>>> print(open('run-v1.txt').read())   # compact mmCIF, N, CA and C atoms
# COMPACT_ATOMS: atom_id res chain seq x y z
N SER A 1 125.76 119.83 90.06
CA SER A 1 126.43 120.58 91.12
C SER A 1 127.88 120.84 90.75
N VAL A 2 128.58 121.54 91.64
CA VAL A 2 129.98 121.89 91.45
C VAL A 2 130.84 120.71 91.83
N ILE A 3 131.95 120.55 91.14
CA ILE A 3 132.86 119.43 91.32
C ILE A 3 134.03 119.85 92.18
N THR A 4 134.56 118.88 92.93
CA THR A 4 135.75 119.08 93.75
C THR A 4 136.57 117.80 93.72
N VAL A 5 137.86 117.94 94.03
CA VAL A 5 138.81 116.89 93.69
C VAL A 5 138.66 115.65 94.58
N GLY A 6 139.03 115.72 95.85
CA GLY A 6 138.94 114.56 96.71
C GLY A 6 139.84 113.45 96.21
N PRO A 7 141.15 113.59 96.40
CA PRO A 7 142.09 112.64 95.79
C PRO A 7 141.97 111.20 96.27
N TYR A 8 141.51 110.96 97.49
CA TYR A 8 141.67 109.61 98.03
C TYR A 8 140.82 108.57 97.33
N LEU A 9 140.00 108.95 96.35
CA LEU A 9 139.07 107.99 95.79
C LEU A 9 139.79 106.93 94.97
N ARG A 10 139.15 105.78 94.84
CA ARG A 10 139.59 104.77 93.90
C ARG A 10 139.23 105.22 92.49
N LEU A 11 139.91 104.65 91.50
CA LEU A 11 139.69 105.10 90.13
C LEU A 11 138.23 104.94 89.71
N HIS A 12 137.54 103.92 90.22
CA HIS A 12 136.23 103.57 89.69
C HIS A 12 135.08 104.07 90.56
N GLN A 13 135.27 105.15 91.32
CA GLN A 13 134.18 105.64 92.15
C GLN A 13 134.24 107.16 92.23
N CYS A 14 133.21 107.74 92.82
CA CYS A 14 133.04 109.18 92.83
C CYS A 14 132.25 109.59 94.06
N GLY A 15 132.62 110.72 94.64
CA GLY A 15 131.97 111.21 95.84
C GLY A 15 130.68 111.93 95.53
N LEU A 16 129.58 111.49 96.15
CA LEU A 16 128.26 112.01 95.84
C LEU A 16 127.59 112.52 97.11
N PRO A 17 127.05 113.73 97.11
CA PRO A 17 126.40 114.26 98.31
C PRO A 17 125.20 113.43 98.73
N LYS A 18 125.04 113.25 100.04
CA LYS A 18 123.86 112.56 100.56
C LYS A 18 122.58 113.16 100.00
N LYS A 19 122.39 114.46 100.20
CA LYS A 19 121.07 115.04 100.01
C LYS A 19 120.60 114.81 98.58
N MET A 20 121.50 114.98 97.62
CA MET A 20 121.20 114.57 96.26
C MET A 20 120.87 113.09 96.21
N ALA A 21 121.55 112.27 97.00
CA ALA A 21 121.30 110.84 96.91
C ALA A 21 119.86 110.53 97.28
N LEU A 22 119.37 111.13 98.37
CA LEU A 22 117.96 110.95 98.71
C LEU A 22 117.08 111.45 97.58
N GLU A 23 117.40 112.64 97.07
CA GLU A 23 116.51 113.23 96.08
C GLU A 23 116.38 112.32 94.87
N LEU A 24 117.51 111.89 94.31
CA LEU A 24 117.49 110.96 93.19
C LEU A 24 116.76 109.67 93.55
N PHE A 25 117.27 108.92 94.52
CA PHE A 25 116.83 107.55 94.70
C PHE A 25 115.54 107.42 95.52
N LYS A 26 114.82 108.52 95.76
CA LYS A 26 113.55 108.48 96.48
C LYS A 26 112.75 107.19 96.27
N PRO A 27 112.43 106.82 95.03
CA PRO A 27 111.57 105.64 94.84
C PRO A 27 112.24 104.34 95.25
N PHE A 28 113.53 104.19 94.96
CA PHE A 28 114.25 103.02 95.44
C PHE A 28 114.16 102.92 96.96
N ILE A 29 114.36 104.05 97.63
CA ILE A 29 114.25 104.08 99.08
C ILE A 29 112.87 103.60 99.51
N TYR A 30 111.83 104.12 98.87
CA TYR A 30 110.48 103.70 99.22
C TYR A 30 110.33 102.19 99.06
N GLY A 31 110.82 101.66 97.95
CA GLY A 31 110.70 100.23 97.72
C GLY A 31 111.33 99.43 98.84
N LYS A 32 112.56 99.78 99.20
CA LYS A 32 113.24 99.00 100.22
C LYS A 32 112.57 99.17 101.57
N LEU A 33 112.10 100.39 101.87
CA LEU A 33 111.42 100.63 103.14
C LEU A 33 110.18 99.76 103.25
N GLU A 34 109.44 99.60 102.15
CA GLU A 34 108.23 98.81 102.22
C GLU A 34 108.53 97.32 102.22
N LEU A 35 109.61 96.91 101.55
CA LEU A 35 109.95 95.49 101.51
C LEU A 35 110.29 94.96 102.89
N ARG A 36 111.15 95.66 103.62
CA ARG A 36 111.56 95.23 104.95
C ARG A 36 110.52 95.53 106.01
N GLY A 37 109.41 96.18 105.66
CA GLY A 37 108.35 96.41 106.60
C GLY A 37 108.60 97.50 107.61
N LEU A 38 109.74 98.19 107.52
CA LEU A 38 109.97 99.33 108.41
C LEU A 38 108.89 100.39 108.26
N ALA A 39 108.18 100.40 107.13
CA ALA A 39 107.10 101.34 106.89
C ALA A 39 105.88 100.56 106.43
N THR A 40 104.72 100.87 107.02
CA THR A 40 103.51 100.12 106.70
C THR A 40 103.08 100.34 105.26
N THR A 41 103.06 101.59 104.81
CA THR A 41 102.61 101.92 103.46
C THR A 41 103.51 103.00 102.90
N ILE A 42 103.23 103.38 101.65
CA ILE A 42 104.11 104.31 100.95
C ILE A 42 104.03 105.69 101.59
N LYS A 43 102.83 106.08 102.04
CA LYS A 43 102.68 107.41 102.62
C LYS A 43 103.52 107.55 103.88
N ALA A 44 103.49 106.52 104.73
CA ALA A 44 104.32 106.55 105.92
C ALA A 44 105.79 106.53 105.54
N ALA A 45 106.13 105.85 104.45
CA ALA A 45 107.51 105.87 103.98
C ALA A 45 107.92 107.29 103.62
N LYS A 46 107.03 108.03 102.95
CA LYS A 46 107.36 109.40 102.59
C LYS A 46 107.60 110.24 103.83
N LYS A 47 106.69 110.14 104.80
CA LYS A 47 106.93 110.89 106.04
C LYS A 47 108.22 110.46 106.70
N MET A 48 108.58 109.18 106.62
CA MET A 48 109.79 108.73 107.29
C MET A 48 111.03 109.25 106.57
N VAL A 49 110.94 109.44 105.26
CA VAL A 49 112.05 110.02 104.53
C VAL A 49 112.19 111.50 104.85
N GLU A 50 111.06 112.20 104.97
CA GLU A 50 111.15 113.62 105.30
C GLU A 50 111.52 113.87 106.75
N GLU B 1 96.82 101.81 93.82
CA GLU B 1 97.05 100.40 93.52
C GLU B 1 97.16 99.60 94.80
N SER B 2 98.02 100.05 95.72
CA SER B 2 98.17 99.35 96.99
C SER B 2 96.82 99.23 97.68
N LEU B 3 96.02 100.29 97.61
CA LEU B 3 94.73 100.29 98.29
C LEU B 3 93.80 99.25 97.70
N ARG B 4 93.75 99.15 96.37
CA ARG B 4 92.89 98.13 95.77
C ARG B 4 93.36 96.74 96.16
N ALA B 5 94.67 96.51 96.16
CA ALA B 5 95.16 95.19 96.53
C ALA B 5 94.76 94.85 97.96
N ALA B 6 94.98 95.79 98.89
CA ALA B 6 94.70 95.52 100.29
C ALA B 6 93.21 95.33 100.52
N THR B 7 92.38 96.17 99.91
CA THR B 7 90.95 96.03 100.11
C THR B 7 90.44 94.72 99.53
N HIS B 8 91.01 94.29 98.40
CA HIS B 8 90.59 93.01 97.85
C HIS B 8 90.92 91.86 98.78
N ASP B 9 92.14 91.85 99.33
CA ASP B 9 92.47 90.72 100.19
C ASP B 9 91.67 90.77 101.48
N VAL B 10 91.40 91.96 102.02
CA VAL B 10 90.66 92.03 103.27
C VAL B 10 89.21 91.63 103.05
N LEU B 11 88.62 92.02 101.91
CA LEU B 11 87.31 91.47 101.59
C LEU B 11 87.36 89.96 101.49
N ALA B 12 88.41 89.42 100.86
CA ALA B 12 88.56 87.98 100.81
C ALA B 12 88.60 87.38 102.21
N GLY B 13 89.09 88.15 103.18
CA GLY B 13 89.09 87.69 104.56
C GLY B 13 87.71 87.55 105.16
N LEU B 14 86.74 88.31 104.68
CA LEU B 14 85.38 88.24 105.20
C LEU B 14 84.56 87.21 104.43
N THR B 15 83.32 87.01 104.87
CA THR B 15 82.47 85.97 104.30
C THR B 15 82.15 86.25 102.84
N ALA B 16 81.71 85.19 102.15
CA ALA B 16 81.45 85.21 100.72
C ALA B 16 80.35 86.18 100.28
N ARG B 17 79.10 85.89 100.65
CA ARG B 17 78.01 86.69 100.11
C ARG B 17 77.98 88.09 100.71
N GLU B 18 78.39 88.26 101.96
CA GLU B 18 78.57 89.62 102.47
C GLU B 18 79.60 90.38 101.64
N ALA B 19 80.71 89.72 101.31
CA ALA B 19 81.72 90.36 100.48
C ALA B 19 81.12 90.79 99.15
N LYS B 20 80.34 89.91 98.53
CA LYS B 20 79.73 90.26 97.26
C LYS B 20 78.75 91.41 97.43
N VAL B 21 78.03 91.43 98.55
CA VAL B 21 77.14 92.55 98.84
C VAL B 21 77.93 93.84 98.84
N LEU B 22 79.05 93.86 99.56
CA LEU B 22 79.79 95.11 99.71
C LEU B 22 80.41 95.52 98.39
N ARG B 23 80.85 94.55 97.58
CA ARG B 23 81.37 94.89 96.27
C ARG B 23 80.28 95.49 95.39
N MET B 24 79.06 94.97 95.50
CA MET B 24 78.00 95.41 94.60
C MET B 24 77.46 96.77 95.02
N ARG B 25 77.34 97.00 96.33
CA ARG B 25 76.86 98.29 96.81
C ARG B 25 77.76 99.43 96.36
N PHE B 26 79.05 99.18 96.26
CA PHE B 26 80.01 100.14 95.74
C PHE B 26 80.44 99.69 94.35
N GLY B 27 81.46 100.35 93.81
CA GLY B 27 81.95 99.98 92.50
C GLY B 27 83.23 99.19 92.60
N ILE B 28 83.44 98.54 93.75
CA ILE B 28 84.70 97.84 93.99
C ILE B 28 84.83 96.71 92.98
N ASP B 29 85.85 96.81 92.12
CA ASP B 29 86.23 95.81 91.12
C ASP B 29 85.08 95.52 90.16
N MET B 30 84.15 96.46 90.02
CA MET B 30 82.96 96.24 89.22
C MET B 30 82.56 97.58 88.62
N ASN B 31 81.67 97.54 87.64
CA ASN B 31 81.16 98.75 87.02
C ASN B 31 80.09 99.44 87.87
N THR B 32 79.25 100.26 87.23
CA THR B 32 78.26 101.07 87.92
C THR B 32 77.62 100.35 89.10
N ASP B 33 77.41 101.10 90.18
CA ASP B 33 76.85 100.55 91.41
C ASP B 33 75.33 100.59 91.37
N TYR B 34 74.71 99.48 91.76
CA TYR B 34 73.26 99.37 91.82
C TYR B 34 72.78 99.72 93.22
N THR B 35 71.63 100.39 93.30
CA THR B 35 71.13 100.78 94.61
C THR B 35 70.65 99.53 95.36
N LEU B 36 70.37 99.71 96.65
CA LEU B 36 70.14 98.56 97.52
C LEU B 36 69.02 97.66 97.01
N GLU B 37 67.93 98.24 96.52
CA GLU B 37 66.82 97.39 96.09
C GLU B 37 67.25 96.44 94.98
N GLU B 38 68.09 96.92 94.06
CA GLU B 38 68.45 96.06 92.94
C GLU B 38 69.38 94.94 93.38
N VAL B 39 70.31 95.22 94.29
CA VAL B 39 71.17 94.16 94.80
C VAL B 39 70.33 93.15 95.58
N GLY B 40 69.37 93.63 96.36
CA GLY B 40 68.48 92.71 97.04
C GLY B 40 67.76 91.80 96.07
N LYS B 41 67.29 92.37 94.95
CA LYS B 41 66.77 91.53 93.88
C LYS B 41 67.83 90.53 93.42
N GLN B 42 69.09 90.95 93.42
CA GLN B 42 70.16 90.07 92.98
C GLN B 42 70.26 88.85 93.89
N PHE B 43 70.06 89.04 95.19
CA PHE B 43 69.90 87.93 96.11
C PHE B 43 68.46 87.46 96.24
N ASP B 44 67.51 88.13 95.60
CA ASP B 44 66.08 87.87 95.69
C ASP B 44 65.50 88.20 97.06
N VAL B 45 66.31 88.61 98.03
CA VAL B 45 65.82 89.15 99.29
C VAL B 45 65.99 90.66 99.18
N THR B 46 64.91 91.35 98.84
CA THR B 46 64.95 92.76 98.47
C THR B 46 64.21 93.57 99.53
N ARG B 47 64.96 94.09 100.50
CA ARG B 47 64.35 94.96 101.50
C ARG B 47 65.43 95.48 102.45
N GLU B 48 65.01 96.14 103.53
CA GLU B 48 65.91 96.66 104.55
C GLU B 48 66.93 95.64 105.03
N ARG B 49 66.66 94.35 104.86
CA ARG B 49 67.66 93.36 105.26
C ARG B 49 68.99 93.61 104.58
N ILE B 50 68.98 94.15 103.36
CA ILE B 50 70.24 94.33 102.66
C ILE B 50 71.09 95.39 103.35
N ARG B 51 70.47 96.50 103.76
CA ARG B 51 71.21 97.46 104.58
C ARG B 51 71.53 96.88 105.95
N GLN B 52 70.74 95.93 106.45
CA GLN B 52 71.12 95.24 107.68
C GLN B 52 72.43 94.51 107.46
N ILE B 53 72.58 93.91 106.29
CA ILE B 53 73.81 93.20 105.93
C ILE B 53 74.96 94.18 105.85
N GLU B 54 74.71 95.31 105.20
CA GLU B 54 75.74 96.34 105.05
C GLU B 54 76.22 96.80 106.42
N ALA B 55 75.29 97.12 107.31
CA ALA B 55 75.67 97.62 108.63
C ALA B 55 76.36 96.55 109.45
N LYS B 56 75.92 95.29 109.32
CA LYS B 56 76.59 94.22 110.06
C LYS B 56 78.01 94.01 109.56
N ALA B 57 78.22 94.07 108.25
CA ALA B 57 79.57 93.95 107.72
C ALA B 57 80.45 95.11 108.19
N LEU B 58 79.93 96.33 108.10
CA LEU B 58 80.69 97.48 108.58
C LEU B 58 81.06 97.30 110.04
N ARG B 59 80.08 96.91 110.86
CA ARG B 59 80.32 96.64 112.27
C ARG B 59 81.40 95.59 112.46
N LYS B 60 81.37 94.54 111.65
CA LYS B 60 82.31 93.44 111.81
C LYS B 60 83.72 93.87 111.47
N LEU B 61 83.87 94.73 110.47
CA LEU B 61 85.18 95.27 110.13
C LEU B 61 85.64 96.38 111.07
N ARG B 62 84.74 96.96 111.87
CA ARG B 62 85.16 98.01 112.79
C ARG B 62 86.26 97.51 113.72
N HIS B 63 86.18 96.25 114.12
CA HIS B 63 87.14 95.70 115.06
C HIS B 63 88.57 95.91 114.55
N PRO B 64 89.46 96.48 115.36
CA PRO B 64 90.82 96.79 114.89
C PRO B 64 91.66 95.59 114.51
N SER B 65 92.91 95.89 114.13
CA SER B 65 93.95 94.94 113.73
C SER B 65 93.76 94.40 112.32
N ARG B 66 92.54 94.49 111.78
CA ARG B 66 92.32 94.25 110.36
C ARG B 66 92.27 95.53 109.53
N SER B 67 91.64 96.59 110.03
CA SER B 67 91.49 97.80 109.24
C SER B 67 92.61 98.81 109.46
N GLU B 68 93.35 98.70 110.56
CA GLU B 68 94.42 99.67 110.83
C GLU B 68 95.42 99.71 109.69
N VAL B 69 95.73 98.56 109.10
CA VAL B 69 96.60 98.57 107.94
C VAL B 69 95.97 99.43 106.86
N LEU B 70 94.65 99.38 106.74
CA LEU B 70 93.96 100.31 105.86
C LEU B 70 93.76 101.68 106.50
N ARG B 71 93.75 101.75 107.84
CA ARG B 71 93.74 103.06 108.48
C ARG B 71 94.90 103.90 107.98
N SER B 72 96.03 103.26 107.68
CA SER B 72 97.19 103.99 107.20
C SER B 72 96.86 104.85 105.99
N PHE B 73 95.92 104.40 105.15
CA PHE B 73 95.61 105.16 103.94
C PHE B 73 94.95 106.50 104.24
N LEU B 74 94.35 106.68 105.41
CA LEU B 74 93.92 108.01 105.80
C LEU B 74 95.12 108.90 106.09
N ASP B 75 94.90 110.20 105.99
CA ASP B 75 95.94 111.18 106.27
C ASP B 75 95.31 112.52 106.63
>>> encode(input="run-v1.txt", output="structure tokens")
Amino acid sequence: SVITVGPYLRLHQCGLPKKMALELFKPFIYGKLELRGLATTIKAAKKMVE
Amino acid sequence: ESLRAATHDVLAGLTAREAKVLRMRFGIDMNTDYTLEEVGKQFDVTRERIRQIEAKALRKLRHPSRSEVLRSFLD
């Protein structure tokens, strides 16, 4: 994606859009959703993410 | 994978020889499935009783709270 400045950041971090965050970390999200039991199975986890 | 794990543990929840019946009638955790007469030979009781066992097991699992977790796999 396109970059923008955002001066207030600390030197060791970077601003990342949510929607990309979901797209990338989809499987991590599924794992955590199933671990804590908020979702019965992976399919319900997918629906809950969408 | 999740489905095989869940079905294995839920079969473990049911009785021994009925569980083996249901595994043998299908290919669950096993190779080619044998038709009812051959499984009945496997227990040496070879007749409609084997399908009686099948229907009784199915009936016994119909009761909710055990299969709903597997109900989730439908969509």
>>> closest_residue(input="run-v1.txt", among="B:30, B:39, B:63, B:2", to="chain A", atoms="all atoms listed in the file")
B:2
>>> interface_residues(input="run-v1.txt", of="chain A", to="chain B", cutoff="9 Å", atoms="only C-alpha atoms", output="mmCIF file with N, CA and C atoms, in the coordinates of the input")
data_model
loop_
_atom_site.group_PDB
_atom_site.id
_atom_site.type_symbol
_atom_site.label_atom_id
_atom_site.label_comp_id
_atom_site.auth_asym_id
_atom_site.auth_seq_id
_atom_site.Cartn_x
_atom_site.Cartn_y
_atom_site.Cartn_z
ATOM 1 N N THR A 40 104.720 100.870 107.020
ATOM 2 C CA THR A 40 103.510 100.120 106.700
ATOM 3 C C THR A 40 103.080 100.340 105.260
ATOM 4 N N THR A 41 103.060 101.590 104.810
ATOM 5 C CA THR A 41 102.610 101.920 103.460
ATOM 6 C C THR A 41 103.510 103.000 102.900
ATOM 7 N N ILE A 42 103.230 103.380 101.650
ATOM 8 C CA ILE A 42 104.110 104.310 100.950
ATOM 9 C C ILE A 42 104.030 105.690 101.590
ATOM 10 N N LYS A 43 102.830 106.080 102.040
ATOM 11 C CA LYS A 43 102.680 107.410 102.620
ATOM 12 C C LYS A 43 103.520 107.550 103.880
ATOM 13 N N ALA A 44 103.490 106.520 104.730
ATOM 14 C CA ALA A 44 104.320 106.550 105.920
ATOM 15 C C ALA A 44 105.790 106.530 105.540
#
>>> atom_distance(input="run-v1.txt", atom1="atom C of residue 56 (chain B)", atom2="atom N of residue 5 (chain B)")
21.5 Å
>>> atom_distance(input="run-v1.txt", atom1="CA of residue 7 (chain B)", atom2="CA of residue 27 (chain B)")
12.4 Å
>>> residues_near_point(input="run-v1.txt", point="(76.4, 97.7, 92.3)", cutoff="7 Å", atoms="only N, CA and C atoms", output="ChimeraX atom specification")
/B:23-27,31-35,39
>>> atom_distance(input="run-v1.txt", atom1="atom N of residue 47 (chain A)", atom2="atom C of residue 19 (chain A)")
15.9 Å
>>> select_by_dssp(input="run-v1.txt", residues="chain A", states="helix (DSSP H, G or I)", output="number ranges by chain")
A: 18-35, 42-49
>>> write_last_selection(input="run-v1.txt", atoms="N, CA and C atoms", output="compact mmCIF listing (two decimals), in the frame of the given file")
# COMPACT_ATOMS: atom_id res chain seq x y z
N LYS A 18 125.04 113.25 100.04
CA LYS A 18 123.86 112.56 100.56
C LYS A 18 122.58 113.16 100.00
N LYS A 19 122.39 114.46 100.20
CA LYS A 19 121.07 115.04 100.01
C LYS A 19 120.60 114.81 98.58
N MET A 20 121.50 114.98 97.62
CA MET A 20 121.20 114.57 96.26
C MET A 20 120.87 113.09 96.21
N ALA A 21 121.55 112.27 97.00
CA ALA A 21 121.30 110.84 96.91
C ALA A 21 119.86 110.53 97.28
N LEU A 22 119.37 111.13 98.37
CA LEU A 22 117.96 110.95 98.71
C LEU A 22 117.08 111.45 97.58
N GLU A 23 117.40 112.64 97.07
CA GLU A 23 116.51 113.23 96.08
C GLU A 23 116.38 112.32 94.87
N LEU A 24 117.51 111.89 94.31
CA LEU A 24 117.49 110.96 93.19
C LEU A 24 116.76 109.67 93.55
N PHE A 25 117.27 108.92 94.52
CA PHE A 25 116.83 107.55 94.70
C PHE A 25 115.54 107.42 95.52
N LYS A 26 114.82 108.52 95.76
CA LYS A 26 113.55 108.48 96.48
C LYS A 26 112.75 107.19 96.27
N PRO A 27 112.43 106.82 95.03
CA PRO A 27 111.57 105.64 94.84
C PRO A 27 112.24 104.34 95.25
N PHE A 28 113.53 104.19 94.96
CA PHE A 28 114.25 103.02 95.44
C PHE A 28 114.16 102.92 96.96
N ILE A 29 114.36 104.05 97.63
CA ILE A 29 114.25 104.08 99.08
C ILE A 29 112.87 103.60 99.51
N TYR A 30 111.83 104.12 98.87
CA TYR A 30 110.48 103.70 99.22
C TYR A 30 110.33 102.19 99.06
N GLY A 31 110.82 101.66 97.95
CA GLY A 31 110.70 100.23 97.72
C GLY A 31 111.33 99.43 98.84
N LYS A 32 112.56 99.78 99.20
CA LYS A 32 113.24 99.00 100.22
C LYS A 32 112.57 99.17 101.57
N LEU A 33 112.10 100.39 101.87
CA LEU A 33 111.42 100.63 103.14
C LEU A 33 110.18 99.76 103.25
N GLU A 34 109.44 99.60 102.15
CA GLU A 34 108.23 98.81 102.22
C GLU A 34 108.53 97.32 102.22
N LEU A 35 109.61 96.91 101.55
CA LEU A 35 109.95 95.49 101.51
C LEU A 35 110.29 94.96 102.89
N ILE A 42 103.23 103.38 101.65
CA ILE A 42 104.11 104.31 100.95
C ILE A 42 104.03 105.69 101.59
N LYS A 43 102.83 106.08 102.04
CA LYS A 43 102.68 107.41 102.62
C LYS A 43 103.52 107.55 103.88
N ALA A 44 103.49 106.52 104.73
CA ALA A 44 104.32 106.55 105.92
C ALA A 44 105.79 106.53 105.54
N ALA A 45 106.13 105.85 104.45
CA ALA A 45 107.51 105.87 103.98
C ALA A 45 107.92 107.29 103.62
N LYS A 46 107.03 108.03 102.95
CA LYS A 46 107.36 109.40 102.59
C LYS A 46 107.60 110.24 103.83
N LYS A 47 106.69 110.14 104.80
CA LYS A 47 106.93 110.89 106.04
C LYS A 47 108.22 110.46 106.70
N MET A 48 108.58 109.18 106.62
CA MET A 48 109.79 108.73 107.29
C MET A 48 111.03 109.25 106.57
N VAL A 49 110.94 109.44 105.26
CA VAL A 49 112.05 110.02 104.53
C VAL A 49 112.19 111.50 104.85
>>> build_atoms(input="run-v1.txt", residues="region 13-28 of chain A", atoms="N, CA, C and O atoms", output="PDB file, keeping the file's coordinate frame")
ATOM      1  N   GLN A  13     135.270 105.150  91.320  1.00  0.00           N
ATOM      2  CA  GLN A  13     134.180 105.640  92.150  1.00  0.00           C
ATOM      3  C   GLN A  13     134.240 107.160  92.230  1.00  0.00           C
ATOM      4  O   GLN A  13     135.192 107.790  91.766  1.00  0.00           O
ATOM      5  N   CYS A  14     133.210 107.740  92.820  1.00  0.00           N
ATOM      6  CA  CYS A  14     133.040 109.180  92.830  1.00  0.00           C
ATOM      7  C   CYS A  14     132.250 109.590  94.060  1.00  0.00           C
ATOM      8  O   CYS A  14     131.315 108.899  94.459  1.00  0.00           O
ATOM      9  N   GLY A  15     132.620 110.720  94.640  1.00  0.00           N
ATOM     10  CA  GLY A  15     131.970 111.210  95.840  1.00  0.00           C
ATOM     11  C   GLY A  15     130.680 111.930  95.530  1.00  0.00           C
ATOM     12  O   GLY A  15     130.666 112.874  94.740  1.00  0.00           O
ATOM     13  N   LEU A  16     129.580 111.490  96.150  1.00  0.00           N
ATOM     14  CA  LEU A  16     128.260 112.010  95.840  1.00  0.00           C
ATOM     15  C   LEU A  16     127.590 112.520  97.110  1.00  0.00           C
ATOM     16  O   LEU A  16     127.635 111.836  98.155  1.00  0.00           O
ATOM     17  N   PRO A  17     127.050 113.730  97.110  1.00  0.00           N
ATOM     18  CA  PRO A  17     126.400 114.260  98.310  1.00  0.00           C
ATOM     19  C   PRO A  17     125.200 113.430  98.730  1.00  0.00           C
ATOM     20  O   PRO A  17     124.424 112.957  97.891  1.00  0.00           O
ATOM     21  N   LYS A  18     125.040 113.250 100.040  1.00  0.00           N
ATOM     22  CA  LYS A  18     123.860 112.560 100.560  1.00  0.00           C
ATOM     23  C   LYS A  18     122.580 113.160 100.000  1.00  0.00           C
ATOM     24  O   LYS A  18     121.769 112.468  99.379  1.00  0.00           O
ATOM     25  N   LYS A  19     122.390 114.460 100.200  1.00  0.00           N
ATOM     26  CA  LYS A  19     121.070 115.040 100.010  1.00  0.00           C
ATOM     27  C   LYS A  19     120.600 114.810  98.580  1.00  0.00           C
ATOM     28  O   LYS A  19     119.444 114.415  98.344  1.00  0.00           O
ATOM     29  N   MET A  20     121.500 114.980  97.620  1.00  0.00           N
ATOM     30  CA  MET A  20     121.200 114.570  96.260  1.00  0.00           C
ATOM     31  C   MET A  20     120.870 113.090  96.210  1.00  0.00           C
ATOM     32  O   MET A  20     120.016 112.666  95.423  1.00  0.00           O
ATOM     33  N   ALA A  21     121.550 112.270  97.000  1.00  0.00           N
ATOM     34  CA  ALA A  21     121.300 110.840  96.910  1.00  0.00           C
ATOM     35  C   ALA A  21     119.860 110.530  97.280  1.00  0.00           C
ATOM     36  O   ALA A  21     119.172 109.772  96.585  1.00  0.00           O
ATOM     37  N   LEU A  22     119.370 111.130  98.370  1.00  0.00           N
ATOM     38  CA  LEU A  22     117.960 110.950  98.710  1.00  0.00           C
ATOM     39  C   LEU A  22     117.080 111.450  97.580  1.00  0.00           C
ATOM     40  O   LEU A  22     116.146 110.767  97.153  1.00  0.00           O
ATOM     41  N   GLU A  23     117.400 112.640  97.070  1.00  0.00           N
ATOM     42  CA  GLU A  23     116.510 113.230  96.080  1.00  0.00           C
ATOM     43  C   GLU A  23     116.380 112.320  94.870  1.00  0.00           C
ATOM     44  O   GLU A  23     115.269 111.992  94.444  1.00  0.00           O
ATOM     45  N   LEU A  24     117.510 111.890  94.310  1.00  0.00           N
ATOM     46  CA  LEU A  24     117.490 110.960  93.190  1.00  0.00           C
ATOM     47  C   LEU A  24     116.760 109.670  93.550  1.00  0.00           C
ATOM     48  O   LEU A  24     115.726 109.344  92.954  1.00  0.00           O
ATOM     49  N   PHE A  25     117.270 108.920  94.520  1.00  0.00           N
ATOM     50  CA  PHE A  25     116.830 107.550  94.700  1.00  0.00           C
ATOM     51  C   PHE A  25     115.540 107.420  95.520  1.00  0.00           C
ATOM     52  O   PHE A  25     115.220 106.308  95.942  1.00  0.00           O
ATOM     53  N   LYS A  26     114.820 108.520  95.760  1.00  0.00           N
ATOM     54  CA  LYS A  26     113.550 108.480  96.480  1.00  0.00           C
ATOM     55  C   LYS A  26     112.750 107.190  96.270  1.00  0.00           C
ATOM     56  O   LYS A  26     112.416 106.505  97.246  1.00  0.00           O
ATOM     57  N   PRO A  27     112.430 106.820  95.030  1.00  0.00           N
ATOM     58  CA  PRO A  27     111.570 105.640  94.840  1.00  0.00           C
ATOM     59  C   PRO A  27     112.240 104.340  95.250  1.00  0.00           C
ATOM     60  O   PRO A  27     111.579 103.459  95.802  1.00  0.00           O
ATOM     61  N   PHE A  28     113.530 104.190  94.960  1.00  0.00           N
ATOM     62  CA  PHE A  28     114.250 103.020  95.440  1.00  0.00           C
ATOM     63  C   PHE A  28     114.160 102.920  96.960  1.00  0.00           C
ATOM     64  O   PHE A  28     113.926 101.845  97.521  1.00  0.00           O
TER      65      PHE A  28
END
